[PDB]
Ligand SMILES: *[C@@H]1O[C@H](CO)[C@@H](O[C@@H]2O[C@H](CO)[C@@H](O[C@@H]3O[C@H](CO[C@H]4O[C@H](CO[C@H]5O[C@H](CO)[C@@H](O)[C@H](O)[C@@H]5O[C@H]5O[C@H](CO)[C@@H](O)[C@H](O)[C@@H]5O)[C@@H](O)[C@H](O[C@H]5O[C@H](CO)[C@@H](O)[C@H](O)[C@@H]5O)[C@@H]4O)[C@@H](O)[C@H](O[C@H]4O[C@H](CO)[C@@H](O)[C@H](O)[C@@H]4O[C@H]4O[C@H](CO)[C@@H](O)[C@H](O)[C@@H]4O[C@H]4O[C@H](CO)[C@@H](O)[C@H](O)[C@@H]4O)[C@@H]3O)[C@H](O)[C@H]2NC(C)=O)[C@H](O)[C@H]1NC(C)=O
Ligand SMILES: *[C@@H]1O[C@H](CO)[C@@H](O[C@@H]2O[C@H](CO)[C@@H](O)[C@H](O)[C@H]2NC(C)=O)[C@H](O)[C@H]1NC(C)=O
Ligand SMILES: *[C@@H]1O[C@H](CO)[C@@H](O)[C@H](O)[C@H]1NC(C)=O
Ligand SMILES: *[C@@H]1O[C@H](CO)[C@@H](O)[C@H](O)[C@H]1NC(C)=O
Ligand SMILES: *[C@@H]1O[C@H](CO)[C@@H](O)[C@H](O)[C@H]1NC(C)=O
């Protein structure tokens, strides 16, 4: 058909080793999250589990085509053939994606070159809990991410206006804690390789003293 | 030398095939028929609020680009032909960490019918999450769900349906029960639409 | 054009090479020279009957197809040239779950000498089985084995050999001992021919001799038990006009003997025969019960 | 001489070989014979309701395309050529986790014969699940199994049988368990029927 | 009880390769990490580790940067479980010295 | 230094019967002991390697039997040309030989 | 397949001798080369060991410092040099090749060294 012609013309002379605007300006990447559940917050290992749908979107002037169709909706087959940012979570001890039954990824290219790339992640992040005032305590411990190799002058991140969305909040595995809200933050951190744009999401938790009462008090 | 004719058939089938496009991208809606055969309902970990289930997961659709005419009416091909063609990307909405078995070869099955119908079967172990309300413990009853759907394909592109009557589609085996603490009473299927 | 000559040497070296055919497929027998350098003898698990070991495993052989001639006499190549040549398929007959480390790159070494001799070294951690006989627990000595050989190559195709004198081949490092409970006395190598359903294969055997240390189990079990027996024999010096005192004496020492025996039997595995700690506890329990029956009689 | 001749023989055998098609793709079914040499039964865990066993699992069939007559001897090839031949898709229905050992290389064996016979062995450690009846525990006796089935090919495409039918499973009397004792073992041939077809089973 | 410790690190290596030298552009080139399979990197290993891995979310966590004078900068993010034997004769009033070895 | 003690020093016997020679080690030598035959005014020839492995070119009447410490060499149905010196030598460590054993008719 | 030694000779007490052993049919860089000494109607005694590929040698403690074994791969020979001779050096010296599970399968013809 014609979509094969479009995809073959888009992938001719394409080099996935170079980001768009390699010597012009930094690339702006807009990020969104959708939290399915926040798992058990065990204080032994100073960590907590989280499951999210991480979505990124940016502009690539090489993936620009002229046609009567507006959007190409694709599988994960073409994810490894174009440029994808190297986002990584700075405070994760272990994190893996999902591969059953087929790699849970999504790619969508628009008429003007805007690419949207979404994938499902399960992160086991760490947050140091100052366990004074236990069990009448409240915490707010983060999830941070940034690019690994591209400094501030090459990749800049930015939240949207509808950034983080939680689900039902009743089917979550929070036994001893209770979710109350969240807030987003952006900052710049000094590193031996350069300045990096770091984005943080703080979840505020309060411990419900409903178990420790009939356990010890 | 009856292997050259089938080699020519498979080479004419794969000449100009683009596995990045769903069948009927510009004309119709891809309709996938689903089936689940539970070979063993694994143990339910109540302390973690999750359960295990071992299934044969079967899907079937229609691809008009894989029509042929040969001496055989059904090609029972290998599990390495299913990677060169289009397959739906079904995922489990509440699955935690599932595995797809690889012993000794990839446990997959592909059958192509002469008129273009494809049957695609996998064997895999789902580990899904079951939220429980333990207010009447230990005299409680539960309904553990298993939601699956399509990633990356909306309702106007790919729709799912049960291949047989809905009451007879999910089939649990008789000796397929590794439960020690619970008692399986029955199944219950449904179909709906989520607005994401 | 300073590195073009080495690229030409490697290209002529790999031009006409089939890595599915062993050197001398219908002409000779392949001679493999083995060597083991143990960098750390890991912990010995007694409930699984296994042990861990970390080794540099070296194999040398001769391939007449890899002769070259250049300004260097030895090429110290990468770990990706080893996947383009024939390497022997050595496995461990009694291994459970071994790992070949690949941090940060695959830990493999290849050196080719100008006459065709190859040295191929790997770094790997082996978890092997050690069947123990625990009659004399905790004063027992074991010989944990480590047997390896070739998979699919019979005696008429590939034979193994030690590269140095057999008493000086398996070399253990000095700081390489992660043993808390045992003591490594020495090593012992051996060679033999096993016979299985596919033919006769050469097997190289190594034995590590371990001797358990008693200094923990003494203070743990043998000394509290004797102290409890002595405290039971203390009762023979009290006057009979205080009956509840001696009654509570007897019953609480029987209770303490029961708690020490239950708390002591979780140390060793679930063996089906009786050990020497069980004999000690049984005779001491007999002594305490005899003291109680003696009190009842008097 | 004697090496390049065999090189040409193997190159002729592997040229124009379609791995998608079984031997005698449009004809009678192919027979596959099984062998098992059990090396150890590791841990029978009541709580996990499973048991681990290590085995040398070998399969033998006949492929008329891998038939040569220039050389008279048997060919043992490197274990990486098993990714270019056709091997049956055998699986174990009741396992939970399994792997082929990979030290120092992938522990598998390929062996050709001048008439066409192929021998294909693996070294597999598998944790198979067997549900126990603990009504009479601890004074009881369990029976649990290892099931060997074909996934893709029905009973009109493949046939399974024990190679020897009484000496196919060896090494059982030399197995020492800390808690149990193997009193007896049995071999069974069968055909099962699912909603997709009829499949052979051992 | 296991006699080991776990640490996460950003491990960076810098060397100079004359073949990766260029003069037509005045800026440093940060390349996609997939090019690290087409370049020469040293075979550094840790002698006293038991289980290591490079993180893999969302891609393989490594960095490759070329400078115009030939200096290559190569970084990894590693989580190492290194092994160190402890002397517990003064437990719990003890101080333990254990180290990580970096070798070629 | 592992020493090998051979026994007996001499043995006189006729043709056709079975004869046995013994060799003992002080330390452990695990199946690495070879048996050589030396005729008068000649060089020693390898008969048995390993512990029980006939060298290619030796008759079938020689047989070796091995252990960790005690080794034996048995010759069944001797001939008139099997009279020579016989040495046992270990190779587990640096090689040491035995004193020898004369065989006379 | 064949090992050819030098010829017998006499030597005065206090001089030095160099015995040679030329290998033909194989390459000395593959195996080890042993030197053995035999007295008349006595047992064999091991002198020393050479690894021709690397070059390191070991000697019997009785002969340590007295004998020196060297090699020459060009002429395919192995040499044993004896110095500070005494009257107890009258013996037969053999040159042996290692092979087939450390067995010393191939021997030389032996040279008679006599001290007058
Ligand atoms: C030391 O050695 C270690 C062991 O060797 C080593 O660990 C290994 O790491 C490597 C690299 O990181 C792994 O290889 C990759 O694995 C990725 C997935 O990893 C997860 O899954 C594997 C098992 O992988 C199976 O399943 C996945 C997904 O289904 C497949 O992608 C794999 O190929 C493989 O599938 C086969 O088996 C299936 C059944 O199982 C069959 O159904 C199927 O048919 C195949 O036969 C697990 O083992 C992993 O667990 C471990 O690793 C994780 C890492 O997060 C750890 O956290 C965890 O603790 C475990 O240790 C993990 O769960 C693969 O996705 C990946 O394959 C793609 O990438 C490579 C490299 O770029 C490509 O060459 C390849 O083509 C694939 O790309 C295709 O797909 C992507 C999808 O996004 C497309 O975008 C892309 O375009 C491309 O598509 C193209 O090809 C398609 C066909 O394939 C075609 O359809 C398209 O049209 C298009 O042309 C790669 O295999 C390896 O698994 C690890 N091994 C193990 C056992 O851990 C370690 O790195 C070494 N360390 C060091 C420091 O050296
Ligand atoms: C998440 O980030 C967005 C963008 O920064 C926040 O939206 C802005 O919030 C600030 C402070 O209240 C306002 O002044 C801006 O007008 C908002 N719009 C934009 C586009 O900046 C949003 O409030 C943040 N949500 C949190 C903190 O959870
Ligand atoms: C699964 O098996 C296939 C076929 O042997 C192999 O290509 C693939 O690498 C295997 N997967 C893993 C994760 O080893
Ligand atoms: C090949 O194997 C078969 C069966 O083990 C055997 O009978 C045959 O002799 C072998 N090849 C030869 C001719 O040595
Ligand atoms: C490239 O890196 C070097 C080394 O840090 C630095 O001095 C130089 O300023 C960088 N180039 C640019 C354009 O920033």
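Residue numbers (the deposited numbering), protein chains in the order written: chain E, 25 to 241; chain D, 10 to 205; chain B, 10 to 307; chain C, 7 to 208; chain A, 53 to 156; chain I, 1 to 105; chain J, 2 to 117.
Where is the CB? At the ideal position from N, CA and C, for every residue including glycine.
Check whether chain B comes within 8 Å of residue 99 of chain J, counting only Cβ atoms and requiring the distance to be less than that.
Taking the first residue of the seventh chain as position 1, residue 99 of chain J is located at position 98. Chain B contact via Cβ: absent.
Take the Cβ of residue 49 of chain J as the centre, count every other Cβ of all protein chains shown within 10 Å, and call the residue buried at 16 or more, exposed below.
Within the seventh chain, the letter at position 48 stands for residue 49 of chain J. In summary, residue 49 of chain J is buried, with 16 or more beta-carbon neighbours lying within 10 Å of its beta-carbon over all protein chains present.
Within its chain, find whatever has a CB closer than 8 Å to the CB of residue 193 of chain C; leave out the 5 residues flanking it on each side and keep chain order.
Taking the first residue of the fourth chain as position 1, residue 193 of chain C is located at position 187. Excluding sequence neighbours, residue 193 of chain C sits near 168, 171, 172, 174, 175 and 208.
Quick one: what's got a C-beta closer than 7 Å to residue 203 of chain C's C-beta in the same chain, skipping five residues either side?
Here residue 203 of chain C corresponds to residue number 197 of the fourth chain, with the count starting at 1. Only 160 meet the Cβ criterion.
Should residue 67 of chain C be labelled buried (16 or more other beta-carbon atoms within 10 Å of its own) or exposed?
The sequence position of residue 67 of chain C within the fourth chain is 61, counting from 1. Label assigned to residue 67 of chain C: buried.
Just to check, is the beta-carbon of residue 79 of chain A closer than 7 Å to a non-hydrogen atom of ligand 5?
Position 27 of the fifth chain holds residue 79 of chain A. Flag set: Cβ of residue 79 of chain A near ligand 5.
Against chain B, with Cβ distances strictly below 8 Å, would residue 152 of chain A count as a contact?
Within the fifth chain, residue 152 of chain A is the residue found at index 100, counting from 1. With 8 Å as the cut-off, residue 152 of chain A does not count as an interface residue toward chain B.
For ligand 3, is there a heavy atom less than 7 Å away from the beta-carbon of residue 131 of chain D?
Start at 1 with the first residue of the second chain, and residue 131 of chain D comes out as number 122. No - ligand 3 has no heavy atom lying nearer than 7 Å to the Cβ of residue 131 of chain D.
Who are the Cβ neighbours of residue 178 of chain C in its own chain at under 8 Å, not counting the five residues just before and after it?
For the purposes of this step, residue 178 of chain C is identified with residue 172 of the fourth chain, where counting begins at 1. Around residue 178 of chain C: 44, 188 and 191.
Could you tell me whether the stretch 79-91 of chain B touches the stretch 44-51 of chain B, using the rule of 3 or more Cβ pairs below 8 Å?
no
Can you tell me whether residue 293 of chain B is buried or exposed, with buried defined as 16 or more other CB within 10 angstroms of its CB?
Here residue 293 of chain B refers to the residue found at position 284 of the third chain. Result: buried.
Quick one, are the C-beta atoms of residue 7 of chain J and residue 115 of chain J less than 8 Å apart?
Counting from 1 along the seventh chain, the entry for residue 7 of chain J is found at position 6. Counting from 1 along the seventh chain, the entry for residue 115 of chain J is found at position 114. Not in contact: residue 7 of chain J and residue 115 of chain J (Cβ atoms no closer than 8 Å).
Could you spell out the range, first to last residue, of the beta strand (DSSP E) harbouring residue 189 of chain D?
Against the second chain, residue 189 of chain D aligns to sequence position 180. No beta strand (DSSP E) holds residue 189 of chain D; DSSP gives it neither H nor E.
Please find out if some non-hydrogen atom of ligand 4 comes closer than 7 Å to the beta-carbon of residue 119 of chain C.
Residue mapping note: residue 119 of chain C aligns to position 113 of the fourth chain, counting from 1. Within the cutoff, so yes.
In chain order, which continuous runs of the alpha helix (DSSP H) of length 4 or greater are located wholly inside the stretch 188-247 of chain B?
232-242
Under the criterion of a Cβ to heavy atom distance below 7 Å, does residue 94 of chain A qualify as lining ligand 1?
On the fifth chain, position 42 is the one that residue 94 of chain A refers to. No, the beta carbon of residue 94 of chain A sits no closer than 7 Å to any heavy atom of ligand 1.
Can you determine whether any heavy atom of ligand 1 sits closer than 7 Å to the C-beta of residue 112 of chain B, and answer yes or no?
For the purposes of this step, residue 112 of chain B is taken as the residue at position 103 of the third chain. Residue 112 of chain B Cβ: within cutoff of ligand 1.
Suppose you measure from the CA of residue 65 of chain A to the CA of residue 93 of chain A; what does that come to, to the nearest Å?
By 1-based counting over the fifth chain, the position of residue 65 of chain A is 13. By 1-based counting over the fifth chain, the position of residue 93 of chain A is 41. Looking at the two C-alpha atoms, the distance is approximately 9 Å.
DSSP state of residue 186 of chain E, grouped into three classes?
Within the first chain, numbered from 1, the residue matching residue 186 of chain E stands at position 162. Strand, per DSSP.
Are the C-beta of residue 176 of chain C and some C-beta of chain D separated by less than 8 Å?
Here residue 176 of chain C refers to the residue found at position 170 of the fourth chain. No, because no Cβ of chain D sits closer than 8 Å to the Cβ of residue 176 of chain C.
Applying the criterion that 16 or more other CB atoms from any shown protein chain within 10 Å of the CB defines a buried residue, is residue 107 of chain C buried or exposed?
Position 101 of the fourth chain, counted from the first residue, corresponds to residue 107 of chain C. Per the 10 Å Cβ criterion, buried.
Using C-beta distances below 8 Å, list every residue in its chain close to residue 139 of chain B, excluding the 5 sequence neighbours before and after it, in chain order.
Within the third chain, numbered from 1, the residue matching residue 139 of chain B stands at position 130. Counting only Cβ-Cβ distances below 8 Å, and skipping sequence neighbours, we find 53, 58, 59, 60, 151, 153 and 154.
Quick one, which residues of the stretch 108-132 of chain C are near chain B if we go by CB-CB under 9 Å, in chain order?
Here the close residues are 108, 109, 110, 111, 112, 113, 114, 115, 116, 117, 125, 127, 129 and 131.
Mark residue 31 of chain I as exposed unless 16 or more other C-beta atoms lie within 10 angstroms of its C-beta, in which case mark it buried.
Walking along the sixth chain from the start, residue 31 of chain I turns up at place 31. So residue 31 of chain I ends up on the buried side.
Based on the DSSP output, what are the partners of residue 154 of chain B in its beta bridges?
Counting from one through the third chain, the residue named residue 154 of chain B turns up at place 145. The partner list for residue 154 of chain B (beta bridge, DSSP) reads B:216.
Using 8 Å as the limit for Cβ to Cβ distance, is residue 100 of chain C near chain B?
As a position in the fourth chain, residue 100 of chain C is number 94, starting the count at 1. Taking Cβ atoms only, chain B never reaches closer than 8 Å to residue 100 of chain C, which makes this a no.
Please list, in chain order, the chain B residues whose beta carbon lies closer than 9 Å to that of residue 19 of chain J.
Translated into positions along the seventh chain, residue 19 of chain J becomes position 18. What residue 19 of chain J touches in chain B: nothing, since even the nearest Cβ is about 27 Å away.
Taking a contact to mean a Cβ-Cβ separation below 8 Å, would you say residue 152 of chain A touches residue 134 of chain A in this structure?
The count along the fifth chain starts at 1 and reaches residue 152 of chain A at position 100. The count along the fifth chain starts at 1 and reaches residue 134 of chain A at position 82. Against a cut-off of 8 Å, the Cβ pair of residue 134 of chain A and residue 152 of chain A comes out as a contact.
Under 7 Å Cβ to Cβ from residue 155 of chain C, same chain only, skipping five residues before and after it: list those, please.
By one-based count along the fourth chain, residue 155 of chain C stands at place 149. So the list reads 97, 99, 205 and 207, once near-sequence residues are dropped.
Where do the N-terminal and C-terminal ends of the alpha helix (DSSP H) with residue 14 of chain B fall, by residue?
For this step, residue 14 of chain B is matched to residue 5 along the third chain. Its alpha helix (DSSP H) spans residues 13-22.
Return the Cβ separation of residue 31 of chain C and residue 15 of chain D in integer angstroms, given the expectation that the two are a contact with Cβ distance under 8 Å.
Position 25 of the fourth chain, counting from 1, holds the residue named residue 31 of chain C. Position 6 of the second chain, counting from 1, holds the residue named residue 15 of chain D. Sure, about 6 Å apart at Cβ, within 8 Å.
Tell me whether residue 132 of chain D sits in a helix, a strand or coil according to DSSP, three-state version.
Stepping through the second chain from its first residue, residue 132 of chain D is reached at position 123. Note: residue 132 of chain D maps to strand in three-state DSSP.
What residues in its chain sit with their C-beta under 6 Å from that of residue 83 of chain I, if we drop five residues either side in the sequence?
In the sixth chain, counting from the first residue as 1, residue 83 of chain I sits at position 83. For residue 83 of chain I, where only same-chain residues beyond five positions count, the Cβ hits under 6 Å are 103 and 105.
Within 8 Å of any Cβ in chain D, is that where the Cβ of residue 233 of chain E sits?
Along the first chain, one-based indexing puts residue 233 of chain E at 209. By this cut-off, residue 233 of chain E is not an interface position.
Indicate the three-state DSSP secondary structure (helix, strand or coil) for residue 25 of chain D in the structure shown.
As a working mapping, residue 25 of chain D is identified with position 16 in the second chain. DSSP places residue 25 of chain D in coil when its eight states are reduced to three.
Could you tell me if residue 38 of chain E is buried or exposed, where buried requires 16 or more neighbouring beta carbons within 10 angstroms of its beta carbon?
Here the question's residue 38 of chain E lines up with position 14 in the first chain. Per the 10 Å Cβ criterion, exposed.
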